[PDB]
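Have a look at the structure below before the remarks.
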Protein chains: 4
Amino acid sequence: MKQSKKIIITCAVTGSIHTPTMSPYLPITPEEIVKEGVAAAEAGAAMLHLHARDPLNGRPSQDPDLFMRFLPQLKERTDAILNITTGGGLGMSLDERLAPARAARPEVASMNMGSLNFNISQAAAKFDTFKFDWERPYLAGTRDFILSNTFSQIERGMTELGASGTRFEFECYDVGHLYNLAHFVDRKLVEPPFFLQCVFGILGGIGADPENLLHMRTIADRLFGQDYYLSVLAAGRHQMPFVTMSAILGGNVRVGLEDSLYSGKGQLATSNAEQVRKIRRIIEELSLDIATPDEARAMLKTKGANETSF
Amino acid sequence: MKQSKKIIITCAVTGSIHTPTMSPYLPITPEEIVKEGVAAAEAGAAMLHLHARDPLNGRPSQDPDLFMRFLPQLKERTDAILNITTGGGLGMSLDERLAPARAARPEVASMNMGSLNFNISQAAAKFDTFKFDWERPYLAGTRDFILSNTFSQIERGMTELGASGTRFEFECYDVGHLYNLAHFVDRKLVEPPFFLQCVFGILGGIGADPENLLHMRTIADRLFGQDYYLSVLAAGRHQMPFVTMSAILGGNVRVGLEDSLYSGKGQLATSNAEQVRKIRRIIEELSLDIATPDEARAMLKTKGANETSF
Amino acid sequence: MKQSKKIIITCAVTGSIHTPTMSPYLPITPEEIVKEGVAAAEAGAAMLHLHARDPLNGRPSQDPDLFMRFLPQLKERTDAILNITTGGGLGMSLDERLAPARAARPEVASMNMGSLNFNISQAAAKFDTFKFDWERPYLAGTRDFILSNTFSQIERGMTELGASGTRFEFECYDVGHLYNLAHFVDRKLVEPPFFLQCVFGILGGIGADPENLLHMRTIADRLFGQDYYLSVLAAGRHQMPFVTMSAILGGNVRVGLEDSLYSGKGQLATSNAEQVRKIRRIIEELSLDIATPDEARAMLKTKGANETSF
Amino acid sequence: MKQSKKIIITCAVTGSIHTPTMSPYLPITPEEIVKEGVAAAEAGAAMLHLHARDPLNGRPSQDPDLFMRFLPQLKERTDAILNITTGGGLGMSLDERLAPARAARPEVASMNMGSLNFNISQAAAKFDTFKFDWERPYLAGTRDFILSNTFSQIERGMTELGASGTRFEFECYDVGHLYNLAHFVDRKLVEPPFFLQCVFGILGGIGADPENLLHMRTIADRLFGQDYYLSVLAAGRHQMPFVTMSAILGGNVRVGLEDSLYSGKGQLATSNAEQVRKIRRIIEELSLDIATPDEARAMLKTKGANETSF
Ligand SMILES: [Zn+2]
Ligand SMILES: [Zn+2]
Ligand SMILES: [Zn+2]
Ligand SMILES: [Zn+2]
């Protein structure tokens, strides 16, 4: 693992797992996404991980037109690296999923490193009523859902998006995902540095037990040595302890309303900025420091803000 | 983990990953499966893990009629526990996959604990020619293949097969599979003892690095304490070191031509019995001992040989 | 490991490793020790780990008369649990080392769980001049020094101090110390709960690599299950990351000028209270909470503040 | 860790922990040591780890004259590398301990990497009577014993024995010993390759739990990368499982009556050769292979058999 002299704080603004019923502070409209992205960047986020939602009901959408209603606006108001999801909403085809990144030609895109069960159905039991008709069926339908990323699908994404100079945020939900990445690294379909994002607490993925983070770092060191950066995200209540653990291990951090709707125990976060501010305070207490957007670009070896199609 | 006073040697006779071109000793016909199963049992295998193949070309098949051409014969010639696959051939639907276990009502059935990429396409590069037309497309098609076991699919299998008194061999290909099992254990859809089979070396699953075995045991201890038995299988050259490691850790062992076509380095195994004999010799050198079929039945708490439908 | 609903912050006020030349803020006199202990307790320290020093030159001393110049004063000004060292100054005999605890009959005493090389000689290279004649020879002499705690010595300490109702802070500097404790636990010379203090970063002990903390917790879980509390201290720059890691793992924390002379990177701590305040802020950011002295007494099952001989 | 293409089998012939009462097959006289060393070498031992004993009563002795009654004889009858203990008998001074290696100028000498409690007193409870007067007091006296290896002592041994071209077998009884070695490696007092011998199961050292071996390998990889060879020994019943684990991990193996008096469960070993033969059979079952003495010399980079003073 390459030691992160300056820590990259990534903010995942809204995602596609949480639904409108779950929090009145979930960013939905393009205008809310811009406002939240800017606030997160101003709090210290060097990178913004972005999904789009239907502006009226919050349903996940990979419509590039919705992305074009916030990407240019974010670019004009902040210098944060704009990271586009290729995961999108649960149930979308690969064509739908790659559309935004293909249209935008971003500096960074997420790249899910394996197929797994992705079960968020238990969340539905916490709510007796739902604001929109799509929410309960969406959550319930995940009991029989696989977030698909076959070796052929990964290779296609790497080839098509790699061609425009995109660098990837490799999302690794389990130990096997590290080995899946090693397969591609050995075939030279991606070049170092590898930005490895370990994901904890999803039902279908690796659990949010600390031993799992240290284990994944040990395996990543064995497979990739000094050619990778560690980043960490964890679901809900696990977010702060896991990203603090990452900082301590010489890694990078991902926070945001996509991953947890809470600022702290029993308290809904009113903004992405609250979580960015919190992890930054923790980092500072540990005598560590954060990366600026341009320091992050140099770490990830991105193509530059001026080379995108927005 | 419950310490295995007597070690269960499971023999996986033929499987569905290896193809006829790869070895002339791959058991194909029902008569070959009976002969091999009996030899494996006589060498010390307490349990036989079974798949069927098209008798003419070796193509994987979950036709219950093919199973009925070897199950009664095995039952009459050995007292080994007959474990029926619910994985079957790669590309089969869940209906096809559950058919043999539903017809046979076996003491044990395999139960795959999560969805994963299952890529055996690299095997094709080792052979310039193939005996049968189905082999190359089968292997190549795995680049875009997911061995599907959604939470809904797992629950269906547990409910339908649990109803006939079947005990499961829980196949865990990655750390997330342990957490997937814990979900069901917490909901009481399966009762202890849990026979956990950790699977190493599949491209799409956890790699065959020793640290992965000890890590999975640590996590299983945290999730299940004294309610589980550890078993281990590893692909190809990793088979013997991994099953020896399992024995040393107080676990059980799985060998067989399903998992490795080799008796030792650079030597094709002429029979399943060769591998069973080898692991038994290693066990004996370590001052350990193997379980008889009935000792295995008492460990797994099976319904008994007389309660099956064959 | 028993989960620490409320975290015990222990403050090690001065120790015997750091010398006066190293910081003008090192507490030396009994009056400085009282002032510092009170400030640390008021900042949130539930327990104070105490050593004495020669009031004129700061040389470590296990003279019970020096302890009696701060113990009654601390008892009157705070309700913090007073933990007396049985380690004392490097080079002292066991008779000298046990004298303060034997005289004071404290609620808690430290108990070093094994013999190890204890080399602090490298610290001398950071200073071209020393305030007092004893400092350089003290540090240099540690190259050929063993902090002695033989099985006979440990048994004597446990027997003599156990007789007065003392509970022990078991100081474990390496993995073997856990096994040394297990030997005594199996012989029932100490009763649960076991307050295990893992010590990282001493040359001669286990290094300050995160993997070592998680490993020691895994081994402690195997040896002691639910009968122990985890506490952690780390030398110098490692203090804050290690105690934060402990908090995240469900453990307790030890800070203080005994272990690190710094408040943060490149900044000498002016008081023990600075470090207590810092770890408390980190704890609060993680949505965790600290234990009051009486909550700590209930956790450790101490004899009570009124049952000491001061 | 450097992968051991050929495995070095070291045979520790007699040691100083086991006493004559414990087995009639314990090698005592110089003639017995020669006979046993030759048998062990002929069974496959590339290296012989040697201690001397009083020929009449078996009491440990570091008298160089006793070593000269077996070293020339071993050199003439086998080409095995002769490894001389600098540990010797428990209770000896460093002067006594270094005498044999200083006189012999061997290719290899053992080098204990830290001070620890070394308690073998529990062995006495297994015997109601003892053959010789020295045995019970020797064992009982270990309750209050430290195997001393201070940083000054280690440096002296490295300097004095390094001067004659000796390579060291670094005996590491706990994780802290790895860090102790790193201190010397960083100061260039020893040059690569480092032959690291991890020692499990001594009361006062790290316990014989498998996790401890994998952990020590992880730490050694972090501290020394590709500059070291792993070797393993374990006490009594732990010997075979631990050395088999080492083989599986790409390490080397140490067996012998010094470490275990047993050939297998409930069976006293009649000769060192029995254990060498057993580990060699296990190695061969795993499709691994052993090193010849000269292959071992090339691995360890020894000065050659002709450059010793015997
Ligand atoms: Zn996302
Ligand atoms: Zn199968
Ligand atoms: Zn202290
Ligand atoms: Zn020895």
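Throughout, a chain's letter reflects where its sequence line sits, starting with A, and its residues are numbered from 1. Below, each value reflects all heavy atoms present in this structure, side chains not excepted, and no hydrogens, waters or symmetry copies. Every number for a ligand or one of its atoms is a count from 1 in the order of the listing.
- Atoms CD and CZ, from C:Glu32 and C:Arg53 in turn, are 10.5 Å apart once rounded to the nearest 0.5 Å.
- Counting only protein N, O or S atoms closer than 2.8 Å to the Zn ion (ligand 3) gives 3.
- B:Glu169 and B:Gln197 share a side-chain donor-acceptor pair at under 3.5 Å.
- C:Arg97 places a side-chain N or O within donor-acceptor distance of the main-chain N or O of C:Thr86, the cut-off being under 3.5 Å.
- Counted by atom type alone, C:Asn272 and C:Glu36 present one or more donor-acceptor pairs between their side chains at under 3.5 Å.
- The residue from C:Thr85, C:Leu71, C:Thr14 that alone fulfils the side chain to side chain contact (heavy atoms under 4.5 Å, CB included) condition with C:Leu50 is C:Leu71.
- A perpendicular orientation is assigned to the rings of C:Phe118 and C:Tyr173, their planes being inclined by more than 60° (bins at 30° and 60°).
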